[PDB]
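Dumped entry.tsv below, it's TSV, C-alpha atoms:
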```tsv
chain	number	residue	atom	x	y	z
A	130	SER	CA	-21.75	-10.00	-11.47
A	131	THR	CA	-23.22	-13.23	-10.04
A	132	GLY	CA	-22.30	-15.82	-7.39
A	133	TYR	CA	-18.64	-15.94	-6.33
A	134	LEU	CA	-17.76	-13.10	-8.74
A	135	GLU	CA	-20.30	-10.80	-7.09
A	136	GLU	CA	-18.95	-11.66	-3.61
A	137	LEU	CA	-15.42	-10.76	-4.76
A	138	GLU	CA	-16.54	-7.48	-6.34
A	139	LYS	CA	-18.27	-6.56	-3.09
A	140	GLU	CA	-15.24	-7.60	-1.05
A	141	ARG	CA	-13.08	-5.26	-3.15
A	142	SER	CA	-15.59	-2.41	-2.75
A	143	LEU	CA	-15.57	-2.92	1.03
A	144	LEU	CA	-11.77	-2.91	1.18
A	145	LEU	CA	-11.55	0.30	-0.89
A	146	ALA	CA	-14.08	1.83	1.54
A	147	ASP	CA	-11.99	0.57	4.47
A	148	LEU	CA	-8.87	2.29	3.06
A	149	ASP	CA	-10.79	5.55	2.54
A	150	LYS	CA	-12.48	5.50	5.95
A	151	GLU	CA	-9.24	4.86	7.82
A	152	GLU	CA	-7.50	7.77	6.09
A	153	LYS	CA	-10.39	10.07	7.11
A	154	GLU	CA	-10.25	8.75	10.67
A	155	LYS	CA	-6.50	9.44	10.86
A	156	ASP	CA	-6.99	12.90	9.37
A	157	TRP	CA	-9.61	13.70	12.03
A	158	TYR	CA	-7.30	12.63	14.88
A	159	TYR	CA	-4.29	14.43	13.41
A	160	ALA	CA	-6.29	17.65	12.93
A	161	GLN	CA	-7.23	17.66	16.64
A	162	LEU	CA	-3.62	17.01	17.67
A	163	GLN	CA	-2.10	19.58	15.30
A	164	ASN	CA	-4.51	22.27	16.57
A	165	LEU	CA	-3.40	21.57	20.14
A	166	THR	CA	0.25	21.85	19.11
A	167	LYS	CA	-0.44	25.20	17.40
A	168	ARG	CA	-2.09	26.44	20.58
A	169	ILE	CA	0.92	25.37	22.64
A	170	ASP	CA	3.31	26.96	20.14
A	171	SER	CA	1.23	30.17	20.35
A	172	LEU	CA	1.56	30.63	24.14
A	173	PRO	CA	3.20	33.91	25.28
A	174	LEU	CA	6.76	33.39	26.54
A	175	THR	CA	6.93	36.68	28.47
A	176	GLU	CA	8.13	36.11	32.04
A	177	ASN	CA	5.16	37.88	33.66
A	178	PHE	CA	2.62	35.35	32.31
A	179	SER	CA	4.87	32.40	33.23
A	180	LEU	CA	2.52	30.86	35.82
A	181	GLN	CA	-0.59	30.85	33.64
A	182	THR	CA	1.34	29.96	30.47
A	183	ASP	CA	2.98	26.98	32.22
A	184	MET	CA	-0.36	25.78	33.57
A	185	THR	CA	-2.08	26.14	30.18
A	186	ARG	CA	0.79	24.33	28.41
A	187	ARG	CA	0.49	21.40	30.84
A	188	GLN	CA	-3.30	21.28	30.32
A	189	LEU	CA	-2.96	21.18	26.53
A	190	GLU	CA	-0.21	18.53	26.71
A	191	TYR	CA	-2.56	16.43	28.84
A	192	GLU	CA	-5.45	16.85	26.37
A	193	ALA	CA	-3.18	15.92	23.46
A	194	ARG	CA	-2.04	12.76	25.24
A	195	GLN	CA	-5.67	11.68	25.82
A	196	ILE	CA	-6.46	12.04	22.12
A	197	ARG	CA	-3.35	9.98	21.28
A	198	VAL	CA	-4.57	7.32	23.74
A	199	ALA	CA	-8.02	7.20	22.09
A	200	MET	CA	-6.46	7.09	18.63
A	201	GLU	CA	-4.23	4.13	19.60
A	202	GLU	CA	-7.25	2.37	21.13
A	203	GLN	CA	-9.07	2.78	17.80
A	204	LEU	CA	-6.35	2.30	15.19
A	205	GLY	CA	-3.32	0.84	16.99
A	206	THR	CA	0.23	2.11	16.46
A	207	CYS	CA	1.69	3.80	13.37
A	208	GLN	CA	3.12	0.35	12.63
A	209	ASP	CA	-0.27	-1.40	13.02
A	210	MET	CA	-1.82	1.19	10.68
A	211	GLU	CA	0.82	0.79	7.97
A	212	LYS	CA	0.52	-3.03	8.16
A	213	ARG	CA	-3.30	-2.91	7.92
A	214	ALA	CA	-3.17	-0.60	4.88
A	215	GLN	CA	-0.67	-2.93	3.18
A	216	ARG	CA	-2.83	-6.00	3.86
A	217	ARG	CA	-5.90	-4.26	2.42
A	218	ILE	CA	-4.06	-3.11	-0.71
A	219	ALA	CA	-2.66	-6.63	-1.14
A	220	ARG	CA	-6.08	-8.28	-0.87
A	221	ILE	CA	-7.58	-5.82	-3.38
A	222	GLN	CA	-4.85	-6.68	-5.88
A	223	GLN	CA	-5.35	-10.44	-5.35
A	224	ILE	CA	-9.12	-10.00	-5.80
A	225	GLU	CA	-8.66	-8.09	-9.07
A	226	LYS	CA	-6.46	-10.92	-10.42
A	227	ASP	CA	-9.01	-13.52	-9.27
A	228	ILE	CA	-11.94	-11.69	-10.90
A	229	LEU	CA	-10.10	-11.43	-14.26
A	230	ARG	CA	-9.24	-15.15	-14.26
A	231	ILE	CA	-12.70	-16.24	-13.12
A	232	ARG	CA	-14.37	-14.26	-15.92
A	233	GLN	CA	-12.07	-15.94	-18.46
A	234	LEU	CA	-12.98	-19.42	-17.18
A	235	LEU	CA	-16.64	-18.48	-17.78
A	236	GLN	CA	-16.09	-16.98	-21.25
A	237	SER	CA	-14.08	-20.04	-22.33
A	238	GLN	CA	-17.24	-22.12	-21.86
```
Step by step, read the file and then write its structure as structure tokens.
Amino acid sequence: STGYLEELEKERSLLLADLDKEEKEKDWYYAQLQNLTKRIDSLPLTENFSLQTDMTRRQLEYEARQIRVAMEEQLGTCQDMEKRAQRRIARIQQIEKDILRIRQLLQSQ
């Protein structure tokens, strides 16, 4: 509400927003990548289109790799992402405990 308690409430709100934003960012990357995979998986495997199919497949593989690069540049590895989420969740839980105890110290007086 006021002072330190207000800072903690806002910290928690930011961390919840951080969790939500990162999930939406991951979803956006994964959608792009999944659509490229579907396109690859949809290529005709008839022998007569082999040259163009092969060339298209290699193009789409390239494009997928670039998106993976950009994703890693933004968010790190799958490991980095799971660690970050865990740290955020942990801080939120600590904050909630702090807020409860700090209110009680006030009320007591």
- Query: If we count only C-alpha atoms, what is near residue 186 (chain A) at a cut-off of 9 Å, once residues fewer than 5 positions away on the same chain are taken out, given as a list in words?
  - Reply: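 Close residues of residue 186 (chain A): residues 168, 169, 172, 181 and 191 of chain A.
Computed from the coordinates, the CA of residue 235 (chain A) to CA of residue 218 (chain A) distance equals 26.2 Å.
Distances from A:130, A:136, A:141, A:180 to residue 222 (chain A) were compared using all atoms listed in the file, and the smallest one belongs to A:141.
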- Note on the structure: What separates CA of residue 131 (chain A) and CA of residue 220 (chain A) is a distance of 20.1 Å
- Item | For residue 182 (chain A), the nearest of the candidates A:170, A:143, A:226, A:197, counting all atoms listed in the file |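 Looking only at the distances to residue 182 (chain A), the closest residue turns out to be A:170.
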Filled-in N, CA, C and O atoms of region 163-177 of chain A, supplied as a compact mmCIF listing (two decimals), in the coordinates of the input:
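Final output, selection-v1.txt:
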```
# COMPACT_ATOMS: atom_id res chain seq x y z
N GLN A 163 -2.82 18.48 15.90
CA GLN A 163 -2.10 19.58 15.30
C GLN A 163 -2.62 20.92 15.83
O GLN A 163 -1.83 21.84 16.02
N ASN A 164 -3.94 21.04 16.03
CA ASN A 164 -4.51 22.27 16.57
C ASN A 164 -4.06 22.53 18.00
O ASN A 164 -3.89 23.69 18.39
N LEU A 165 -3.90 21.45 18.78
CA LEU A 165 -3.40 21.57 20.14
C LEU A 165 -1.94 22.02 20.15
O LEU A 165 -1.56 22.87 20.94
N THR A 166 -1.13 21.44 19.26
CA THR A 166 0.25 21.85 19.11
C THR A 166 0.37 23.32 18.73
O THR A 166 1.25 24.00 19.27
N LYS A 167 -0.46 23.79 17.79
CA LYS A 167 -0.44 25.20 17.40
C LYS A 167 -0.75 26.08 18.61
O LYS A 167 -0.15 27.15 18.77
N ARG A 168 -1.71 25.66 19.42
CA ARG A 168 -2.09 26.44 20.58
C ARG A 168 -0.93 26.51 21.57
O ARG A 168 -0.68 27.57 22.14
N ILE A 169 -0.22 25.39 21.75
CA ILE A 169 0.92 25.37 22.64
C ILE A 169 1.98 26.33 22.09
O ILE A 169 2.48 27.20 22.82
N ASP A 170 2.26 26.20 20.79
CA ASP A 170 3.31 26.96 20.14
C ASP A 170 2.96 28.45 20.14
O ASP A 170 3.84 29.29 19.95
N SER A 171 1.69 28.78 20.38
CA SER A 171 1.23 30.17 20.35
C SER A 171 1.28 30.83 21.73
O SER A 171 0.99 32.03 21.84
N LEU A 172 1.62 30.08 22.78
CA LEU A 172 1.56 30.63 24.14
C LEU A 172 2.57 31.75 24.28
O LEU A 172 3.65 31.70 23.69
N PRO A 173 2.25 32.82 25.04
CA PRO A 173 3.20 33.91 25.28
C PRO A 173 4.35 33.46 26.16
O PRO A 173 4.12 32.77 27.16
N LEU A 174 5.58 33.83 25.80
CA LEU A 174 6.76 33.39 26.54
C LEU A 174 7.35 34.54 27.35
O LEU A 174 8.50 34.46 27.78
N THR A 175 6.55 35.58 27.60
CA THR A 175 6.93 36.68 28.47
C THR A 175 6.87 36.22 29.93
O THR A 175 5.94 35.52 30.33
N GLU A 176 7.86 36.65 30.72
CA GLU A 176 8.13 36.11 32.04
C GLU A 176 6.95 36.35 32.98
O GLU A 176 6.71 35.53 33.87
N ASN A 177 6.21 37.44 32.76
CA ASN A 177 5.16 37.88 33.66
C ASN A 177 3.92 36.99 33.58
O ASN A 177 3.13 36.96 34.53
```
